[PDB]
Protein chains: 2
Amino acid sequence: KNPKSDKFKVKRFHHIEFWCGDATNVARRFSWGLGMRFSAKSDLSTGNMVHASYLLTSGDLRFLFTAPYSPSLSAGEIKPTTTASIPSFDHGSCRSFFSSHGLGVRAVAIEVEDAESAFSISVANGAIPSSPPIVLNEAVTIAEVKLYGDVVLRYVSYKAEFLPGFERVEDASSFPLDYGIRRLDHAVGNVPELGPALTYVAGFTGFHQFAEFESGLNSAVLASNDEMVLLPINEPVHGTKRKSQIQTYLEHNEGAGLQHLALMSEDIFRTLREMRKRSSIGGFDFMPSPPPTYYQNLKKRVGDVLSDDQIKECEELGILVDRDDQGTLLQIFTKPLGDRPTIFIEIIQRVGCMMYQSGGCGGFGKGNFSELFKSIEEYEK
Amino acid sequence: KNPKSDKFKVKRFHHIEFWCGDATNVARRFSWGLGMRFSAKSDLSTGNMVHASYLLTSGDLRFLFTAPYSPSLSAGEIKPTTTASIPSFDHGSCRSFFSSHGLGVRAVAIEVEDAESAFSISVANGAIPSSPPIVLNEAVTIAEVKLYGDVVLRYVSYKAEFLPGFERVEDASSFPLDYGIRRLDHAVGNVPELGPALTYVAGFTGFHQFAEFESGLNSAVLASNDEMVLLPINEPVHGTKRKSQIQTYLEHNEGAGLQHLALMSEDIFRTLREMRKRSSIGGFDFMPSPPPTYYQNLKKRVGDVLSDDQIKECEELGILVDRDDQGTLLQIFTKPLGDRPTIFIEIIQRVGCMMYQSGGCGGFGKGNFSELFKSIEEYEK
Ligand SMILES: Cn1c(=O)n(CC(F)(F)F)c(=O)c2cc([N+](=O)[O-])c(C(=O)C3=C(O)CCCC3=O)cc21
Ligand SMILES: Cn1c(=O)n(CC(F)(F)F)c(=O)c2cc([N+](=O)[O-])c(C(=O)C3=C(O)CCCC3=O)cc21
Ligand SMILES: [Co+2]
Ligand SMILES: [Co+2]
């Protein structure tokens with residue numbers, strides 16, 4: 001059931017912004033680890049005395065990494081005279097965010113036809129304003145509302161080069177890395193109580209519940225009209241035998257915030273080969289391997305979609321596989337991206353539901369919870 | 001002239017500790033960029049609820065990267081019951097250091113025979129105590145005094161595995177990277193006024209002035225008895241045509257602090273080939289190239305130490321070369337290690353002064369200031 005209730009028109013994810021203490025080191029780690037090119041900068045070299053911001057891109061995926069400079073470099077400025085390229089930026093907000101959460105996502109930015117209307121409609125429907133709409137170089141409008149915790153939903157609209165004031169990175173300082181990652185598929189929040197969080201976000205966006213088909217979670221997925229923009233939210237299930245991963249998140253994150261980013265690959269086998277190659281030389285580690293019992297039940301589940309060679313390839317790379325009403329989902333999770341057991345990344349590829357591919361094809365892997373529990377018992381046999 | 005006036009016995013540099021906001025991302029960037037292996041950890045996985053600390057090693061070089069967790073994980077602890085592996089660590093001090101300076105060096109640690117005596121003698125000779133001596137697991141003693149700015153000089157002594165409470169990193173999660181870097185050669189501070197800084201540090205250590213043989217600097221080098229431990233200090237020269245790099249440092253760093261770490265390589269050609277290979281895929285960038293006039297005057301200076309093949313190799317890699325009373329110095333500088341124009345790294349190899357090699361052999365490149373100025377004029381001809 002898709003009522004198509006978006007209160008303003010939404011296109012697609014535009015970028016994800018990380019708030020960090022050093023944007024250079026995080027951006028270079030992520031670039032090597034995920035195979036993303038350095039494509040735009042805004043910093044001292046471009047006349048930005050406020051923040052350093054570096055953009056990495058892979059296909060349509062845009063990761064922005066931003067950290068503050070000493071406030072003393074911009075003490076003479078006022079908001080109208082600012083040299084920040086992201087006018088919503090605030091030294092104290094950024095410093096307070098990082099000291100509270102460590103490295104994490106500050107803004108989930110979606111592109112809209114009209115960011116000012118998006119902001120107005122949103123707030124008129126209960127969104128908590130975070131930063132009012134501001135027109136950038138007569139070309140781009142940016143506005144922010146609170147999403148959950150200290151994460152904001154950033155609206156971006158273009159009248160017609162990432163953002164004004166950013167410069168393209170020099171050819172020599174930009175290496176054409178690519179491991180097959182192509183776009184952001186969904187962005188997931190962890191909150192203490194799912195009900196109020198869903199009601200708030202569904203309330204100001206018009207996004208509808210997407211619906212799926214023990215685990216330490218309960219969750220729901222909000223989606224835009226074409227279900228391209230997918231924003232799931234998790235809450236803990238207390239009292240379970242194993243402590244809820246969501247509860248561990250909330251404790252180490254100091255409250256609600258973004259849990260994982262799921263990135264679509266055009267070739268999850270190539271992506272995981274390239275990323276695993278680099279795990280111990282600066283890249284990302286992956287979740288522990290599932291038992292062989294899991295991969296010895298994979299043919300009886302998905303053998304109609306993937307060859308026995310590809311199923312062996314899944315056991316080598318640790319890929320998990322689940323099946324929807326409509327399609328198949330290949331998926332794997334990284335270990336946390338930084339010091340804290342908080343944010344992590346999911347790599348995915350979905351097979352099926354072609355019209356282009358419809359969003360959410362295959363679901364989010366809900367069945368892998370019970371399939372992994374069984375193989376755990378079956379292996380100890 | 002070496003009076004050998006050390007007030008307590010000093011052996012060698014033990015480690016350099018970086019204070020960061022995320023220790024994972026910085027440590028993985030540095031590991032790939034410099035070719036250093038992950039060798040020890042102290043973090044949640046080892047029962048440290050206070051800080052995450054990761055040690056990288058190359059030859060004798062030890063870089064430690066430390067960031068704080070949420071204070072809430074250790075709210076129930078007191079100093080006697082702490083789970084920190086570095087008892088000098090303080091959440092507020094670390095958070096305040098990083099927000100003030102960004103990524104930078106907190107501790108220059110030197111090994112001594114008796115860290116408690118080192119601390120006592122030091123303070124009795126004017127050192128400002130930073131953290132009193134503390135015996136770790138009946139095996140290791142650690143103590144800290146102020147060095148300059150918010151940088152401390154950390155004394156370490158062993159009765160007889162980096163530090164107690166650290167664990168060796170698992171074989172799979174530790175990749176044998178090595179680009180030829182072998183040990184720390186010197187660590188340089190930038191201060192607003194050299195005189196008072198020298199008097200303070202020379203005052204509590206007994207270190208003697210090492211002495212060398214326009215530039216926006218004036219500087220002096222303090223050295224231990226065998227001149228292995230080398231601690232130069234810079235101050236700005238105001239009024240020069242080009243603004244002093246030291247003054248730019250002090251403004252962006254919010255005051256005095258560590259400017260550069262010079263790392264000895266056993267093969268500076270191999271090191272710079274490996275590091276430059278990785279500049280645009282997560283590693284470190286290097287200083288701009290000198291003109292060819294510089295390398296067209298290199299034979300008439302050092303042609304007795306390096307072949308014309310090696311001199312061509314210097315022009316390819318951008319290596320600079322200077323000559324002492326006693327030896328030859330090969331050297332090159334990175335661009336700053338993080339967002340701010342503050343800390344950077346120097347790679348060096350020295351040729352000569354063999355007895356082992358005596359410390360400081362070749363100097364620190366003082367002549368390259370006037371050799372580079374000339375080649376600049378000669379190239380515009
Ligand atoms: C498939 N799957 C899984 O098998 N396990 C067990 C494993 F593999 F770790 F052992 C997970 O723990 C796991 C955790 C998460 N999560 O979001 O925390 C997700 C996930 O992506 C997801 C969403 O995107 C929105 C709806 C909620 C949801 O579950 C999937 C998971
Ligand atoms: C050799 N040399 C140089 O040629 N230039 C010009 C170039 F190349 F950048 F264009 C420098 O700027 C430069 C800067 C520094 N510094 O410390 O800032 C040092 C250096 O290492 C040093 C010490 O270790 C202790 C004593 C002070 C001192 O000068 C060497 C440099
Ligand atoms: Co997911
Ligand atoms: Co030097």
# chains A, B, ... in the order shown; residues from 1 in each chain; ligands from 1
call {"tool": "residues_around", "arguments": {"residues": "segment 210-222 of chain B", "least_positions_apart": "2", "cutoff": "9 Å", "atoms": "only C-alpha atoms", "output": "ChimeraX atom specification"}}
result
/B:1-2,188,194,198,201-202,207-208,224,227,229-238,240-247,324-325,360,363-364,366-367,369-370,373
call {"tool": "closest_atom_pairs", "arguments": {"of": "chain A", "to": "chain B", "cutoff": "9 Å", "atoms": "only C-alpha atoms", "output": "Markdown table"}}
result
| residue | atom | partner | partner_atom | distance |
| --- | --- | --- | --- | --- |
| A:20 | CA | B:21 | CA | 7.5 |
| A:21 | CA | B:21 | CA | 5.8 |
| A:22 | CA | B:339 | CA | 6.0 |
| A:23 | CA | B:339 | CA | 6.4 |
| A:24 | CA | B:338 | CA | 5.4 |
| A:25 | CA | B:26 | CA | 5.6 |
| A:26 | CA | B:25 | CA | 5.6 |
| A:27 | CA | B:282 | CA | 8.2 |
| A:28 | CA | B:282 | CA | 4.5 |
| A:29 | CA | B:29 | CA | 5.3 |
| A:30 | CA | B:282 | CA | 8.2 |
| A:31 | CA | B:282 | CA | 6.6 |
| A:32 | CA | B:282 | CA | 5.5 |
| A:33 | CA | B:282 | CA | 8.7 |
| A:35 | CA | B:281 | CA | 8.8 |
| A:37 | CA | B:281 | CA | 8.8 |
| A:38 | CA | B:280 | CA | 8.8 |
| A:43 | CA | B:339 | CA | 8.4 |
| A:44 | CA | B:340 | CA | 8.6 |
| A:52 | CA | B:339 | CA | 6.7 |
| A:67 | CA | B:339 | CA | 8.1 |
| A:68 | CA | B:99 | CA | 8.6 |
| A:69 | CA | B:340 | CA | 7.3 |
| A:70 | CA | B:252 | CA | 6.6 |
| A:72 | CA | B:254 | CA | 8.2 |
| A:73 | CA | B:252 | CA | 7.5 |
| A:95 | CA | B:99 | CA | 6.9 |
| A:98 | CA | B:21 | CA | 7.6 |
| A:99 | CA | B:95 | CA | 6.9 |
| A:100 | CA | B:70 | CA | 6.8 |
| A:101 | CA | B:70 | CA | 7.5 |
| A:102 | CA | B:21 | CA | 6.6 |
| A:103 | CA | B:22 | CA | 6.5 |
| A:172 | CA | B:280 | CA | 7.7 |
| A:173 | CA | B:280 | CA | 5.6 |
| A:174 | CA | B:280 | CA | 6.2 |
| A:175 | CA | B:280 | CA | 5.7 |
| A:177 | CA | B:281 | CA | 7.8 |
| A:251 | CA | B:73 | CA | 8.1 |
| A:252 | CA | B:70 | CA | 6.6 |
| A:253 | CA | B:70 | CA | 7.7 |
| A:254 | CA | B:70 | CA | 7.3 |
| A:279 | CA | B:173 | CA | 7.9 |
| A:280 | CA | B:173 | CA | 5.6 |
| A:281 | CA | B:32 | CA | 5.6 |
| A:282 | CA | B:28 | CA | 4.5 |
| A:283 | CA | B:28 | CA | 7.3 |
| A:285 | CA | B:173 | CA | 8.7 |
| A:337 | CA | B:25 | CA | 7.9 |
| A:338 | CA | B:24 | CA | 5.4 |
| A:339 | CA | B:24 | CA | 5.5 |
| A:340 | CA | B:69 | CA | 7.3 |
call {"tool": "residues_near_ligand", "arguments": {"ligand": "ligand 4", "cutoff": "10 Å", "atoms": "only C-alpha atoms and all ligand atoms", "output": "PyMOL selection string"}}
result
chain B and resi 185-188+231-232+259-263+331-333+345-348+363-366
call {"tool": "write_last_selection", "arguments": {"atoms": "N, CA, C and O atoms", "output": "tab-separated table (two decimals), in the first residue's frame"}}
result
chain	number	residue	atom	x	y	z
B	185	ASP	N	63.66	10.87	15.03
B	185	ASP	CA	64.95	11.56	15.09
B	185	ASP	C	64.89	12.84	15.90
B	185	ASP	O	65.78	13.08	16.74
B	186	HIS	N	63.88	13.69	15.67
B	186	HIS	CA	63.68	14.86	16.52
B	186	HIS	C	62.21	15.27	16.51
B	186	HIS	O	61.44	14.86	15.64
B	187	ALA	N	61.83	16.06	17.52
B	187	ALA	CA	60.47	16.57	17.69
B	187	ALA	C	60.54	18.06	17.99
B	187	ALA	O	61.21	18.46	18.94
B	188	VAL	N	59.85	18.87	17.20
B	188	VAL	CA	60.07	20.32	17.16
B	188	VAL	C	58.84	21.04	17.69
B	188	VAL	O	57.70	20.73	17.31
B	231	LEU	N	65.38	17.95	20.76
B	231	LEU	CA	64.15	18.72	20.93
B	231	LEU	C	64.37	20.16	20.49
B	231	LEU	O	64.62	21.04	21.32
B	232	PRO	N	64.28	20.44	19.19
B	232	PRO	CA	64.39	21.83	18.72
B	232	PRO	C	63.14	22.64	19.03
B	232	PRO	O	62.04	22.10	19.20
B	259	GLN	N	55.34	21.25	16.26
B	259	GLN	CA	55.29	21.60	14.84
B	259	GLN	C	55.54	20.41	13.91
B	259	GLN	O	54.71	20.10	13.05
B	260	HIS	N	56.68	19.73	14.05
B	260	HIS	CA	56.91	18.57	13.20
B	260	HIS	C	57.66	17.47	13.93
B	260	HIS	O	58.38	17.70	14.91
B	261	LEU	N	57.44	16.26	13.43
B	261	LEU	CA	58.11	15.05	13.85
B	261	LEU	C	59.00	14.65	12.68
B	261	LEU	O	58.52	14.60	11.54
B	262	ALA	N	60.28	14.43	12.92
B	262	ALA	CA	61.19	13.97	11.87
B	262	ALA	C	61.49	12.50	12.11
B	262	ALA	O	62.00	12.15	13.18
B	263	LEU	N	61.18	11.67	11.13
B	263	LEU	CA	61.29	10.22	11.22
B	263	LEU	C	62.45	9.76	10.36
B	263	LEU	O	62.48	10.04	9.15
B	331	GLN	N	66.31	15.07	3.24
B	331	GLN	CA	65.12	15.50	3.97
B	331	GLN	C	64.01	15.93	3.01
B	331	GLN	O	64.28	16.45	1.92
B	332	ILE	N	62.77	15.74	3.45
B	332	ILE	CA	61.59	16.22	2.73
B	332	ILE	C	60.48	16.38	3.76
B	332	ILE	O	60.46	15.68	4.78
B	333	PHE	N	59.57	17.31	3.50
B	333	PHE	CA	58.47	17.63	4.41
B	333	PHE	C	57.14	17.24	3.79
B	333	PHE	O	56.91	17.44	2.59
B	345	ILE	N	54.99	16.25	9.05
B	345	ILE	CA	56.01	15.22	9.25
B	345	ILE	C	57.18	15.47	8.30
B	345	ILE	O	56.99	15.95	7.18
B	346	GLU	N	58.40	15.20	8.78
B	346	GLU	CA	59.62	15.26	7.98
B	346	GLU	C	60.19	13.86	7.86
B	346	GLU	O	60.28	13.13	8.86
B	347	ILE	N	60.57	13.45	6.65
B	347	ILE	CA	61.30	12.20	6.47
B	347	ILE	C	62.75	12.56	6.24
B	347	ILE	O	63.05	13.55	5.55
B	348	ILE	N	63.66	11.80	6.85
B	348	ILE	CA	65.09	12.11	6.80
B	348	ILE	C	65.89	10.82	6.74
B	348	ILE	O	65.45	9.75	7.16
B	363	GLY	N	72.99	17.90	10.69
B	363	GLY	CA	72.20	19.03	11.09
B	363	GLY	C	70.73	18.81	10.79
B	363	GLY	O	70.22	17.68	10.79
B	364	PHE	N	70.04	19.92	10.49
B	364	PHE	CA	68.60	19.93	10.29
B	364	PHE	C	68.22	20.62	8.98
B	364	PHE	O	67.02	20.87	8.74
B	365	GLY	N	69.18	20.90	8.11
B	365	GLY	CA	68.91	21.44	6.79
B	365	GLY	C	68.97	22.94	6.69
B	365	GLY	O	68.46	23.50	5.71
B	366	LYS	N	69.60	23.61	7.66
B	366	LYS	CA	69.65	25.07	7.70
B	366	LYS	C	70.09	25.68	6.37
B	366	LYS	O	69.60	26.74	5.97
call {"tool": "select_by_dssp", "arguments": {"residues": "segment 5-231 of chain B", "states": "strand (DSSP E)", "output": "NGL selection string"}}
result
:B and (10-19 or 37-42 or 51-58 or 61-68 or 104-112 or 129-136 or 140-148 or 151-158 or 167-168 or 181-190 or 208-209 or 217-223 or 230-231)
call {"tool": "residues_around", "arguments": {"residues": "residue 131 of chain B", "least_positions_apart": "5", "cutoff": "12 Å", "atoms": "only C-alpha atoms", "output": "MDAnalysis selection string"}}
result
chainID B and resid 86:90 93 107 115:116 119:120 123 141:146 152:155
call {"tool": "write_last_selection", "arguments": {"atoms": "N, CA, C and O atoms", "output": "CSV table (one decimal), in the first residue's frame"}}
result
chain,number,residue,atom,x,y,z
B,86,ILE,N,46.1,4.7,30.5
B,86,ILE,CA,47.0,5.8,30.6
B,86,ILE,C,46.5,6.6,31.8
B,86,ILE,O,45.5,7.4,31.5
B,87,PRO,N,46.9,6.5,33.0
B,87,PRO,CA,46.3,7.1,34.1
B,87,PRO,C,46.3,8.7,34.1
B,87,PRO,O,45.5,9.3,34.7
B,88,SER,N,47.3,9.2,33.3
B,88,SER,CA,47.3,10.7,33.1
B,88,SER,C,46.1,11.2,32.3
B,88,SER,O,45.8,12.4,32.3
B,89,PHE,N,45.4,10.3,31.6
B,89,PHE,CA,44.3,10.7,30.7
B,89,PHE,C,43.2,11.4,31.5
B,89,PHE,O,42.8,11.0,32.6
B,90,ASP,N,42.6,12.4,30.9
B,90,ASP,CA,41.5,13.2,31.5
B,90,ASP,C,40.5,13.6,30.3
B,90,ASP,O,41.0,14.1,29.3
B,93,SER,N,40.5,17.4,29.7
B,93,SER,CA,41.8,17.9,29.1
B,93,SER,C,41.9,17.4,27.6
B,93,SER,O,42.2,18.3,26.8
B,107,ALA,N,51.8,14.2,23.9
B,107,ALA,CA,52.9,13.8,24.7
B,107,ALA,C,54.1,13.4,23.8
B,107,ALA,O,53.9,12.6,22.9
B,115,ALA,N,61.6,7.0,36.1
B,115,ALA,CA,60.7,8.1,35.8
B,115,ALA,C,60.3,8.9,37.1
B,115,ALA,O,60.0,10.1,37.0
B,116,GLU,N,60.3,8.3,38.3
B,116,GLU,CA,60.0,9.0,39.5
B,116,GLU,C,61.1,10.1,39.8
B,116,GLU,O,60.8,11.2,40.1
B,119,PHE,N,60.9,12.8,37.3
B,119,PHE,CA,59.9,13.8,37.6
B,119,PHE,C,60.3,14.6,38.8
B,119,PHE,O,60.0,15.9,38.8
B,120,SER,N,60.9,14.0,39.8
B,120,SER,CA,61.2,14.8,41.0
B,120,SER,C,62.3,15.8,40.7
B,120,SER,O,62.2,17.0,41.0
B,123,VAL,N,60.9,18.7,38.4
B,123,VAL,CA,60.1,19.7,39.1
B,123,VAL,C,60.9,20.5,40.1
B,123,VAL,O,60.7,21.8,40.2
B,141,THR,N,56.7,2.8,35.2
B,141,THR,CA,56.4,4.1,35.9
B,141,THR,C,56.2,5.2,34.8
B,141,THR,O,57.0,5.3,33.9
B,142,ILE,N,55.2,6.0,35.0
B,142,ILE,CA,54.9,7.0,34.0
B,142,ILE,C,54.7,8.3,34.8
B,142,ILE,O,54.0,8.4,35.8
B,143,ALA,N,55.2,9.4,34.2
B,143,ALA,CA,55.0,10.7,34.8
B,143,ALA,C,55.1,11.8,33.7
B,143,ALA,O,55.8,11.6,32.7
B,144,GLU,N,54.5,12.9,33.9
B,144,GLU,CA,54.5,14.0,32.9
B,144,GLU,C,54.7,15.4,33.5
B,144,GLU,O,54.2,15.7,34.5
B,145,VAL,N,55.5,16.2,32.7
B,145,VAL,CA,55.7,17.6,33.0
B,145,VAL,C,55.3,18.4,31.8
B,145,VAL,O,55.3,17.9,30.7
B,146,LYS,N,55.0,19.6,32.0
B,146,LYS,CA,54.7,20.5,30.9
B,146,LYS,C,56.0,20.8,30.0
B,146,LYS,O,57.0,21.0,30.6
B,152,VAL,N,53.1,17.8,26.7
B,152,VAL,CA,53.8,17.4,27.8
B,152,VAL,C,55.0,16.5,27.4
B,152,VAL,O,55.0,15.9,26.4
B,153,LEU,N,56.0,16.5,28.3
B,153,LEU,CA,57.1,15.6,28.2
B,153,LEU,C,56.8,14.4,29.1
B,153,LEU,O,56.7,14.6,30.3
B,154,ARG,N,56.7,13.2,28.6
B,154,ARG,CA,56.3,12.0,29.4
B,154,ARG,C,57.5,11.2,29.6
B,154,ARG,O,58.1,10.7,28.7
B,155,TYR,N,57.8,11.0,30.9
B,155,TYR,CA,58.9,10.1,31.3
B,155,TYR,C,58.3,8.7,31.5
B,155,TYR,O,57.3,8.5,32.1
call {"tool": "atom_distance", "arguments": {"atom1": "atom 14 (C, counted along the ligand's line) of ligand 1", "atom2": "atom CA of residue 329 of chain A"}}
result
13.7 Å
call {"tool": "residues_around", "arguments": {"residues": "segment 291-301 of chain B", "least_positions_apart": "4", "cutoff": "12 Å", "atoms": "only C-alpha atoms", "output": "ChimeraX atom specification"}}
result
/B:305-324,328,330,367-381
call {"tool": "write_last_selection", "arguments": {"atoms": "C-alpha atoms", "output": "short mmCIF file (atom, residue, chain, number, x, y, z; two decimals), in the first residue's frame"}}
result
data_model
loop_
_atom_site.label_atom_id
_atom_site.label_comp_id
_atom_site.auth_asym_id
_atom_site.auth_seq_id
_atom_site.Cartn_x
_atom_site.Cartn_y
_atom_site.Cartn_z
CA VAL B 305 78.20 11.38 -1.37
CA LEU B 306 75.53 10.42 -3.95
CA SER B 307 75.76 9.21 -7.54
CA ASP B 308 74.23 11.14 -10.41
CA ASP B 309 71.59 8.39 -10.55
CA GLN B 310 70.75 9.09 -6.89
CA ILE B 311 70.71 12.84 -7.55
CA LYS B 312 68.23 12.29 -10.38
CA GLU B 313 66.23 10.15 -7.92
CA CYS B 314 66.22 13.13 -5.53
CA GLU B 315 64.80 15.38 -8.24
CA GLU B 316 62.08 12.82 -8.96
CA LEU B 317 61.09 12.35 -5.30
CA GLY B 318 61.64 15.99 -4.31
CA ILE B 319 64.26 15.12 -1.69
CA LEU B 320 66.33 18.02 -0.35
CA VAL B 321 70.00 17.61 0.59
CA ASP B 322 72.22 19.62 2.92
CA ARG B 323 75.70 19.14 4.36
CA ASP B 324 77.08 19.58 7.89
CA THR B 328 74.97 14.85 4.92
CA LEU B 330 68.50 14.01 3.05
CA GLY B 367 71.52 25.59 4.42
CA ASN B 368 68.52 24.57 2.30
CA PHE B 369 66.94 27.94 3.15
CA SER B 370 69.54 29.91 1.16
CA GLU B 371 70.00 27.20 -1.48
CA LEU B 372 66.27 27.26 -2.27
CA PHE B 373 66.08 31.06 -2.37
CA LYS B 374 68.87 31.15 -4.97
CA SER B 375 67.40 28.46 -7.23
CA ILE B 376 64.12 30.41 -7.17
CA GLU B 377 65.94 33.44 -8.60
CA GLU B 378 68.02 31.28 -10.96
CA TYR B 379 64.93 29.61 -12.43
CA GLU B 380 63.16 32.90 -13.21
CA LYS B 381 66.28 33.82 -15.22
#
call {"tool": "closest_residue", "arguments": {"among": "A:137, A:357, A:190, A:199", "to": "ligand 3", "atoms": "only C-alpha atoms and all ligand atoms"}}
result
A:190
call {"tool": "select_by_dssp", "arguments": {"residues": "segment 68-243 of chain B", "states": "helix (DSSP H, G or I)", "output": "PyMOL selection string"}}
result
chain B and resi 71-74+79-81+91-101+115-124+194-205
call {"tool": "residues_around", "arguments": {"residues": "segment 161-170 of chain B", "least_positions_apart": "2", "cutoff": "6 Å", "atoms": "only C-alpha atoms", "output": "number ranges by chain"}}
result
B: 39-42, 85, 172-173
call {"tool": "residues_around", "arguments": {"residues": "residue 111 of chain B", "least_positions_apart": "3", "cutoff": "9 Å", "atoms": "only C-alpha atoms", "output": "PyMOL selection string"}}
result
chain B and resi 10-15+114-115+154-158
call {"tool": "residues_around", "arguments": {"residues": "residue 327 of chain A", "least_positions_apart": "5", "cutoff": "6 Å", "atoms": "only C-alpha atoms", "output": "ChimeraX atom specification"}}
result
/A:351-352,361-362
